[PDB]
Amino acid sequence: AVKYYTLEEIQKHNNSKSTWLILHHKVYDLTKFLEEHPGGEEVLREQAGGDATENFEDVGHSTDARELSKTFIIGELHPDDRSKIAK
Ligand code: HEM
Ligand SMILES: [Ca+2]
Ligand SMILES: [Ca+2]
């Protein structure tokens with residue numbers, strides 16, 4: 001039962017009212033979480049509305065962090081956009 005969002009739509013969620021990003025083709029709503037994120041707000045704000053896979057993977061987030069991330073998944077990138085965005 002995967003819920004899809006287009007890249008066009010995701011790009012709209014780029015601000016303090018609603019911040020989404022993409023990690024490995026999934027869509028995360030970090031609007032609230034970014035106020036708590038141990039890595040700070042601005043790394044996430046810079047990524048809002050787009051893919052942040054590379055950045056996320058480079059840090060070496062802990063297994064508890066990676067598990068926490070799953071709680072913010074709201075859907076996945078629409079199939080029509082999956083050539084634009086690397087998994
Ligand atoms: C939903 C996704 C995310 C969650 C739940 C999350 C969670 C956390 C947590 C709990 C830590 C503390 C260390 C650890 O446990 O690994 C952390 C640190 C960090 N995160 Fe994230 N993170 C997320 C996304 C990101 C993204 C997308 C970026 C980059 C654009 C990022 C950059 C950082 C950095 C730079 C730090 C290390 C801060 C330091 O101690 O210097 N995080 N994150
Ligand atoms: Ca805070
Ligand atoms: Ca703030």
Side-chain angles (χ1 to χ4, degrees):
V2 165
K3 173 66 172 201
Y4 296 115
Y5 296 105
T6 70
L7 181 58
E8 181 180 13
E9 178 64 21
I10 295 160
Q11 285 172 336
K12 300 175 192 176
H13 296 267
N14 68 344
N15 68 25
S16 63
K17 290 173 294 199
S18 183
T19 283
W20 298 357
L21 55 70
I22 309 163
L23 307 169
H24 305 292
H25 289 171
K26 300 181 186 183
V27 181
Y28 296 73
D29 183 352
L30 304 186
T31 303
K32 296 296 185 145
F33 176 67
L34 63 85
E35 293 295 341
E36 299 302 335
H37 177 227
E41 303 184 33
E42 191 62 17
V43 294
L44 301 180
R45 289 231 188 270
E46 286 173 359
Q47 299 300 320
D51 186 76
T53 300
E54 192 168 350
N55 313 66
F56 178 83
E57 289 297 344
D58 192 67
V59 172
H61 280 90
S62 71
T63 294
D64 281 358
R66 195 177 289 266
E67 298 340 292
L68 178 59
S69 76
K70 304 217 229 118
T71 74
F72 302 110
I73 295 169
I74 59 162
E76 306 191 359
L77 183 61
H78 193 285
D80 288 345
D81 293 307
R82 290 183 186 211
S83 292
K84 300 175 173 107
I85 302 297
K87 188 188 186 70

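Nothing fancy with the numbering, it's 1 onward along the sequence.
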Applied to residues 40-60, the ring-ring contact (aromatic ring centres under 6.0 Å, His included) test, sequence neighbours excluded, yields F56-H61
Contacts of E46 meeting salt bridge (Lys or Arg N to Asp or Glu O under 4.0 Å) (sequence neighbours excluded), chain-then-number -> none
The salt bridge (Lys or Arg N to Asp or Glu O under 4.0 Å) partners of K84 (sequence neighbours excluded) come to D81
Here the pair of heavy atoms bringing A52 nearest to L21 is CB-CD2, 4.1 Å
[X]: partners by side chain to side chain contact (heavy atoms under 4.5 Å, CB included), with sequence neighbours left out:
X: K70; answer: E67, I73
X: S62; answer: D64, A65
X: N14; answer: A48
X: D51; answer: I22, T53, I85

Once you round to the nearest 0.5 Å, how far does [atom1] of [X] lie from [atom2] of [Y]?
X: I10; Y: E76; atom1: CD1; atom2: CD; value: 10.5 Å
X: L34; Y: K32; atom1: CG; atom2: NZ; value: 10.0 Å
X: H24; Y: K87; atom1: NE2; atom2: NZ; value: 9.0 Å

Check: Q11 and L7 side chains under 4.5 Å, non-hydrogen atoms
yes
Test item: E57 and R66 side chains (from C-beta on) under 4.5 Å apart, heavy atoms: yes
The remaining residues in the hydrophobic cluster of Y4, counting side-chain heavy-atom contacts under 4.5 Å among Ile, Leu, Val, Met, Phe, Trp and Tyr, are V2
The ring-ring contact (aromatic ring centres under 6.0 Å, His included) partners of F72 (sequence neighbours excluded) come to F33
Residue set satisfying ring-ring contact (aromatic ring centres under 6.0 Å, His included) with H13, at least two apart, ordered chain then number -> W20
Q) Do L23 and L30 belong together in a cluster built from hydrophobic side chains that touch within less than 4.5 Å? A) yes
Original post:
If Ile, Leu, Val, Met, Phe, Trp and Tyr residues are connected whenever their side-chain heavy atoms lie under 4.5 Å apart, and connections chain through other members, are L77 and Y5 in the same group?
Top reply: yes
Residue pairs passing the salt bridge (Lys or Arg N to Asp or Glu O under 4.0 Å) test with at least one member in residues 7-19, sequence neighbours excluded, are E9-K12
The side chain to side chain donor-acceptor pair (under 3.5 Å) partners of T19 (sequence neighbours excluded) come to none
